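Structure record follows, encoded as structure tokens.
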2 protein chains.
Amino acid sequence: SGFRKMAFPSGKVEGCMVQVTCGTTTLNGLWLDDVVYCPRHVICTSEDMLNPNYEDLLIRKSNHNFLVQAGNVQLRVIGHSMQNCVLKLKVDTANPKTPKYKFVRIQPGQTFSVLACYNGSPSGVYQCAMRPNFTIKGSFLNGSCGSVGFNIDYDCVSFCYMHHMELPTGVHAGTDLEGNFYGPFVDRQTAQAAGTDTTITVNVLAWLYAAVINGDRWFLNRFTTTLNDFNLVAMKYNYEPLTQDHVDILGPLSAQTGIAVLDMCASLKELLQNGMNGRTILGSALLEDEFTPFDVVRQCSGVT
Amino acid sequence: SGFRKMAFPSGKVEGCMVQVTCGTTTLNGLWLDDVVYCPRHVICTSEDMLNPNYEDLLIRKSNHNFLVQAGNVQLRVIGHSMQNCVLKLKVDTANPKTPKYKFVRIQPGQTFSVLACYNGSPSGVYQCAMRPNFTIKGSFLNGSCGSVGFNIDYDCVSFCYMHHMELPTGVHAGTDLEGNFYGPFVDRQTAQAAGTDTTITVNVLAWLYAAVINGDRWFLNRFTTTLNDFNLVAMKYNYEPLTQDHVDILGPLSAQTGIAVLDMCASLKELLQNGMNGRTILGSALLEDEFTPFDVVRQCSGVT
Ligand SMILES: Cc1ccc(OCC(=O)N2CC[NH+](C)CC2)cc1
Ligand SMILES: Cc1ccc(OCC(=O)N2CC[NH+](C)CC2)cc1
């Protein structure tokens, strides 16, 4: 029993973290096979951070300008290319600790683990969700750029996020491992606003199921609702619309608890309308939306 | 910026996890040098779980009765001994992935990372605190026994916790790596009640400092208090007494923010008396007590 915000074990990713230095800028790179991936803004100077022309900045750069260190030992860079907002540095050594891996672009509401790194060294692991406004709410200090987000399927690491920057509001933006930003963000030192940070409804429902499974059931009510009625309440409370695809994904949690998805929606509706009244669910005084249905099944079944 | 419940990177501990099987019971062991540590209740049968006499159960056991698997490969057990509530299994192979390590017994209020494991395989990492009643609030399914709690000092792993059991209330009890239970708990299938789960005051203050550092400052008030006045309020709200030792430890957070410790205590006093009024701090609707002053400095300074 017990329900914790739980990250994937980070060992497989720790073995991929390197330091990349260009000029006076040091951040993190991900070393998979004979390629090191990092934020392209590693080449950026104070002058150009406002309106950087990355193709022009890169003309001034050679292989030997990129210093790649894996521990207290240097890697030889034998090629470099820009793919969207990432640099790929070809090195002469395949990372011997390269795990089975994929690059995936996640949808908003999907959760992943972040290994926060500084100078190619892991400092910490935490769990977070791609917000519906394509920001994440991380913990990133200067030097954390190139830190990655991942999910682990048994022994296969799916890399979904590379950290690039902090918005003036102190929320975080980054790319997939093809260098494409989540959301409308650009690797530029211009004020950029996030849109509405809506609540991930399906994830709240999953965590309500986790709560019932773990014996926190005070909030279960006598009501049901319909997807249309629920969604009217959702929209009013800045909750993402619930689709039949979401209802389908919640099916196994429904089956385990014997609580129909629409019944749990009606319980959530009353929690939105009435608030928690100083009570907690799974030790939270607000409705948690950074567990997916997959996370709840995983944690409640013990997948390794 | 941003403040996350952050675990230590778990790689160094992943490399120490093994499966231990005695009869039909399988749980986790920690393989350091040529010793495997696990809960002694691995020898326990349905018959004896109510009033197990471990010394008597162990007479019936030989080295070859303990099956130790590290991956899909078996370790040869060449000795076994009981130390308090742990079995030490001597194996013929030193774990080649043995990190620099210590065994430490932590105090209540101290935080650590748990690598939740099943069949010697890591499933997840999360952060938790030794509660003042010497329970922890984990996420442990059957087969998770032998999962360990640790802190990581640069490259040295301090092991502080081994998981042993779940109380009827679904909170968790375990030992240090010398096999001594935290709290008054015994490795026996008898109903055992936890004492008062009080709030770790010093940890709340540390997290209030983290909040200010991260620009969440709405709760800062015009008041100060004294340790005696604060502690009268603390006791009424089931908060642990604040000592001068706690004030001393908060000194650097005081220094960084320019908020005197007693001023932050007065802010906390008003939050206890007035509640949060539907506002959040660092995205929590309640006062978080599972960050130590050390954790806040670490996360707010980027230690690897
Ligand atoms: C995409 C990106 C990459 C690198 C950046 O570096 C920020 C920087 O160097 N500053 C320090 C001095 N401040 C006054 C201005 C910002 C910012 C954004
Ligand atoms: C310290 C400890 C070690 C092993 C335990 O195993 C519990 C068990 O086998 N049960 C399953 C069947 N239940 C009806 C009764 C409990 C319990 C406590």
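Our numbering is plain: 1 for the first residue shown, then up by one each step along the chain.
The way this entry was determined, per its header, is X-ray crystallography, 1.7 Å.
Backbone N, Cα and C define each Cβ position, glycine as well.
According to Swiss-Prot:
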CROSSLNK  A:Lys5  ubiquitin cross-link
ACT_SITE  A:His41  active site, for 3CL-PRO activity
CROSSLNK  A:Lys90  ubiquitin cross-link
ACT_SITE  A:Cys145  active site, nucleophile
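Rounded to the nearest whole angstrom, the C-alpha distance between A:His41 (active site, for 3CL-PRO activity) and A:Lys90 (ubiquitin cross-link) is 17.
Here the C-alpha separation of A:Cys145 (active site, nucleophile) and A:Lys90 (ubiquitin cross-link) works out to 19 Å.
The DSSP secondary structure for A:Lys5 (ubiquitin cross-link) is coil. Contact with chain B, taken as any Cβ pair under 8 Å, is found for none of the recorded positions A:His41, A:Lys90, A:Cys145.
Spacing of A:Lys5 (ubiquitin cross-link) relative to A:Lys90 (ubiquitin cross-link) is 36 Å (Cα to Cα, whole number). Residues A:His41, taken from the recorded positions A:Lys5, A:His41, A:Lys90, A:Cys145, are distinguished by a CB atom under 6 angstroms from ligand 1. For the recorded positions listed here (A:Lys5, A:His41, A:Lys90), the lowest count of other CB atoms within 10 A around the CB belongs to A:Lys90. Reduced to three states, the DSSP call for A:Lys90 (ubiquitin cross-link) is strand. Counted within 10 Å of its Cβ, the other Cβ atoms near the residue listed as 'active site, nucleophile' come to 25, all protein chains included. Secondary structure at A:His41 (active site, for 3CL-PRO activity), as computed by DSSP, is helix.
According to DSSP, the residue listed as 'active site, nucleophile' sits in a coil region rather than a helix or strand.
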